[PDB]
Amino acid sequence: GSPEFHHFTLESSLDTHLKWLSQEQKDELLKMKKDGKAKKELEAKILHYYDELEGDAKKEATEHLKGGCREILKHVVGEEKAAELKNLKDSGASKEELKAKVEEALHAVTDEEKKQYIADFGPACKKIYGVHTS
């Protein structure tokens, strides 16, 4: 399970979305990904690191993972819908309107590689985009 393309790699985030990771942590993810661990094992380390964070650390990471998943959403749903989601947000769409937007937007795609990210990042992105609620 290696997404060979180097566009949505964890390296691609290390100085951006995932820069809040410590070197030992980064090198941990690198070690796993390099040793042929599944991306979902990376999803699990980072989500663990995420939940174990601190005051501004968590807030910052959350915000950074948002941008990360935003770039994924830039892929899966396209500029089009990610724009509608971003504008909805700015226009005062609540966490639910984004929830009830996002679910239809990420439904209406149905392109295979994109639905990979829907399955991949979708659930975890909900805590990240923390639109989850309750």
# chains A, B, ... in the order shown; residues from 1 in each chain; ligands from 1
>>> residues_around(residues="residue 25 (chain A)", least_positions_apart="3", cutoff="12 Å", atoms="only C-alpha atoms", output="PDB file with N, CA, C and O atoms, in the first residue's frame")
ATOM      1  N   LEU A  10       3.821  12.166   3.334  1.00  0.00           N
ATOM      2  CA  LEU A  10       4.030  12.740   4.648  1.00  0.00           C
ATOM      3  C   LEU A  10       5.277  13.608   4.667  1.00  0.00           C
ATOM      4  O   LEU A  10       5.345  14.569   5.427  1.00  0.00           O
ATOM      5  N   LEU A  14       6.016  17.637   5.945  1.00  0.00           N
ATOM      6  CA  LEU A  14       6.864  17.723   7.135  1.00  0.00           C
ATOM      7  C   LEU A  14       7.304  19.118   7.563  1.00  0.00           C
ATOM      8  O   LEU A  14       7.597  19.370   8.730  1.00  0.00           O
ATOM      9  N   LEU A  18       2.577  18.911   8.575  1.00  0.00           N
ATOM     10  CA  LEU A  18       2.999  17.990   9.620  1.00  0.00           C
ATOM     11  C   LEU A  18       4.289  18.438  10.306  1.00  0.00           C
ATOM     12  O   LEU A  18       5.034  17.637  10.863  1.00  0.00           O
ATOM     13  N   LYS A  19       4.530  19.742  10.253  1.00  0.00           N
ATOM     14  CA  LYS A  19       5.759  20.323  10.773  1.00  0.00           C
ATOM     15  C   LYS A  19       5.784  20.355  12.299  1.00  0.00           C
ATOM     16  O   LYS A  19       6.836  20.553  12.906  1.00  0.00           O
ATOM     17  N   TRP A  20       4.619  20.160  12.901  1.00  0.00           N
ATOM     18  CA  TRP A  20       4.489  20.146  14.355  1.00  0.00           C
ATOM     19  C   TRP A  20       4.997  18.825  14.935  1.00  0.00           C
ATOM     20  O   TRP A  20       5.075  18.660  16.154  1.00  0.00           O
ATOM     21  N   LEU A  21       5.328  17.886  14.063  1.00  0.00           N
ATOM     22  CA  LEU A  21       5.948  16.644  14.485  1.00  0.00           C
ATOM     23  C   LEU A  21       7.408  16.911  14.831  1.00  0.00           C
ATOM     24  O   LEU A  21       8.077  17.750  14.223  1.00  0.00           O
ATOM     25  N   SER A  22       7.876  16.165  15.812  1.00  0.00           N
ATOM     26  CA  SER A  22       9.270  16.233  16.206  1.00  0.00           C
ATOM     27  C   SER A  22      10.092  15.341  15.286  1.00  0.00           C
ATOM     28  O   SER A  22       9.528  14.453  14.648  1.00  0.00           O
ATOM     29  N   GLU A  28      10.064   8.511  12.547  1.00  0.00           N
ATOM     30  CA  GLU A  28       9.220   7.367  12.821  1.00  0.00           C
ATOM     31  C   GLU A  28       8.263   7.090  11.666  1.00  0.00           C
ATOM     32  O   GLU A  28       8.190   5.954  11.188  1.00  0.00           O
ATOM     33  N   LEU A  29       7.519   8.097  11.216  1.00  0.00           N
ATOM     34  CA  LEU A  29       6.619   7.923  10.088  1.00  0.00           C
ATOM     35  C   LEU A  29       7.386   7.486   8.839  1.00  0.00           C
ATOM     36  O   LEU A  29       6.986   6.536   8.165  1.00  0.00           O
ATOM     37  N   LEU A  30       8.477   8.194   8.524  1.00  0.00           N
ATOM     38  CA  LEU A  30       9.373   7.807   7.452  1.00  0.00           C
ATOM     39  C   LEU A  30       9.804   6.350   7.565  1.00  0.00           C
ATOM     40  O   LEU A  30       9.787   5.621   6.578  1.00  0.00           O
ATOM     41  N   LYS A  31      10.165   5.925   8.769  1.00  0.00           N
ATOM     42  CA  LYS A  31      10.612   4.555   8.999  1.00  0.00           C
ATOM     43  C   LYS A  31       9.513   3.560   8.660  1.00  0.00           C
ATOM     44  O   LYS A  31       9.748   2.582   7.952  1.00  0.00           O
ATOM     45  N   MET A  32       8.311   3.825   9.148  1.00  0.00           N
ATOM     46  CA  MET A  32       7.168   2.970   8.856  1.00  0.00           C
ATOM     47  C   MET A  32       6.834   2.936   7.371  1.00  0.00           C
ATOM     48  O   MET A  32       6.715   1.862   6.785  1.00  0.00           O
ATOM     49  N   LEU A  42       0.202   5.053   9.460  1.00  0.00           N
ATOM     50  CA  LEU A  42       0.638   6.430   9.545  1.00  0.00           C
ATOM     51  C   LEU A  42      -0.508   7.312  10.019  1.00  0.00           C
ATOM     52  O   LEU A  42      -0.325   8.189  10.868  1.00  0.00           O
ATOM     53  N   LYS A  45      -0.557   6.792  13.820  1.00  0.00           N
ATOM     54  CA  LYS A  45       0.475   7.479  14.564  1.00  0.00           C
ATOM     55  C   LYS A  45       0.132   8.950  14.701  1.00  0.00           C
ATOM     56  O   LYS A  45       0.085   9.481  15.807  1.00  0.00           O
ATOM     57  N   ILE A  46      -0.127   9.593  13.568  1.00  0.00           N
ATOM     58  CA  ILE A  46      -0.413  11.013  13.533  1.00  0.00           C
ATOM     59  C   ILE A  46      -1.662  11.352  14.335  1.00  0.00           C
ATOM     60  O   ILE A  46      -1.675  12.331  15.073  1.00  0.00           O
ATOM     61  N   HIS A  48      -2.816   9.638  16.817  1.00  0.00           N
ATOM     62  CA  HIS A  48      -2.363   9.488  18.197  1.00  0.00           C
ATOM     63  C   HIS A  48      -1.598  10.734  18.651  1.00  0.00           C
ATOM     64  O   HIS A  48      -1.892  11.287  19.707  1.00  0.00           O
ATOM     65  N   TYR A  49      -0.613  11.163  17.853  1.00  0.00           N
ATOM     66  CA  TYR A  49       0.178  12.350  18.174  1.00  0.00           C
ATOM     67  C   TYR A  49      -0.740  13.551  18.348  1.00  0.00           C
ATOM     68  O   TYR A  49      -0.585  14.350  19.269  1.00  0.00           O
ATOM     69  N   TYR A  50      -1.700  13.636  17.440  1.00  0.00           N
ATOM     70  CA  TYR A  50      -2.700  14.686  17.399  1.00  0.00           C
ATOM     71  C   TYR A  50      -3.471  14.786  18.717  1.00  0.00           C
ATOM     72  O   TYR A  50      -3.543  15.852  19.331  1.00  0.00           O
TER      73      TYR A  50
END
>>> residues_around(residues="residue 1 (chain A)", least_positions_apart="6", cutoff="12 Å", atoms="only C-alpha atoms", output="list in words")
residues 32, 33, 34, 35, 36, 37, 38, 39, 40, 41, 42 and 120 of chain A
>>> closest_residue(among="A:26, A:132, A:17, A:6", to="residue 100 (chain A)", atoms="only C-alpha atoms")
A:132
>>> atom_distance(atom1="CA of residue 106 (chain A)", atom2="CA of residue 73 (chain A)")
8.8 Å
>>> select_by_dssp(residues="chain A", states="helix (DSSP H, G or I)", output="PyMOL selection string")
chain A and resi 11-13+23-34+39-51+55-76+78-91+95-105+112-120+122-128
>>> closest_residue(among="A:3, A:78, A:130, A:92", to="residue 65 (chain A)", atoms="only C-alpha atoms")
A:130
>>> closest_residue(among="A:128, A:83, A:102, A:119", to="residue 67 (chain A)", atoms="only C-alpha atoms")
A:128
>>> residues_around(residues="residue 51 (chain A)", least_positions_apart="6", cutoff="12 Å", atoms="only C-alpha atoms", output="ChimeraX atom specification")
/A:44-45,57-59,61-62,124,127-128
>>> write_last_selection(atoms="N, CA and C atoms", output="PDB file, in the first residue's frame")
ATOM      1  N   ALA A  44      -2.601   6.489  11.926  1.00  0.00           N
ATOM      2  CA  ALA A  44      -2.824   6.128  13.312  1.00  0.00           C
ATOM      3  C   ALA A  44      -1.804   6.718  14.268  1.00  0.00           C
ATOM      4  N   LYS A  45      -0.557   6.792  13.820  1.00  0.00           N
ATOM      5  CA  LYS A  45       0.475   7.479  14.564  1.00  0.00           C
ATOM      6  C   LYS A  45       0.132   8.950  14.701  1.00  0.00           C
ATOM      7  N   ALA A  57      -0.472  23.690  20.581  1.00  0.00           N
ATOM      8  CA  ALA A  57       0.088  22.637  19.738  1.00  0.00           C
ATOM      9  C   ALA A  57      -1.027  21.938  18.975  1.00  0.00           C
ATOM     10  N   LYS A  58      -2.064  21.566  19.715  1.00  0.00           N
ATOM     11  CA  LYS A  58      -3.207  20.861  19.164  1.00  0.00           C
ATOM     12  C   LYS A  58      -3.936  21.770  18.191  1.00  0.00           C
ATOM     13  N   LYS A  59      -4.240  22.981  18.643  1.00  0.00           N
ATOM     14  CA  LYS A  59      -4.889  23.984  17.803  1.00  0.00           C
ATOM     15  C   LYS A  59      -4.117  24.197  16.498  1.00  0.00           C
ATOM     16  N   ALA A  61      -1.771  22.120  15.160  1.00  0.00           N
ATOM     17  CA  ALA A  61      -1.756  20.910  14.367  1.00  0.00           C
ATOM     18  C   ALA A  61      -3.084  20.742  13.654  1.00  0.00           C
ATOM     19  N   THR A  62      -4.170  20.834  14.408  1.00  0.00           N
ATOM     20  CA  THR A  62      -5.508  20.741  13.849  1.00  0.00           C
ATOM     21  C   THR A  62      -5.678  21.625  12.615  1.00  0.00           C
ATOM     22  N   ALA A 124     -11.413  10.581   9.493  1.00  0.00           N
ATOM     23  CA  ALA A 124     -10.414  11.260  10.320  1.00  0.00           C
ATOM     24  C   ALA A 124     -10.399  12.764  10.056  1.00  0.00           C
ATOM     25  N   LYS A 127     -12.828  14.814  12.308  1.00  0.00           N
ATOM     26  CA  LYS A 127     -12.325  15.327  13.583  1.00  0.00           C
ATOM     27  C   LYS A 127     -11.416  16.523  13.308  1.00  0.00           C
ATOM     28  N   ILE A 128     -10.696  16.472  12.195  1.00  0.00           N
ATOM     29  CA  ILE A 128      -9.706  17.493  11.876  1.00  0.00           C
ATOM     30  C   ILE A 128     -10.347  18.831  11.509  1.00  0.00           C
TER      31      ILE A 128
END
>>> atom_distance(atom1="CA of residue 114 (chain A)", atom2="CA of residue 77 (chain A)")
7.4 Å
>>> residues_around(residues="residue 118 (chain A)", least_positions_apart="5", cutoff="10 Å", atoms="only C-alpha atoms", output="list in words")
residues 72, 73, 76, 77, 103, 106, 107, 109, 110, 112, 113, 123, 124 and 125 of chain A
>>> closest_residue(among="A:7, A:115, A:101, A:126", to="residue 84 (chain A)", atoms="only C-alpha atoms")
A:101
>>> atom_distance(atom1="CA of residue 96 (chain A)", atom2="CA of residue 13 (chain A)")
28.0 Å
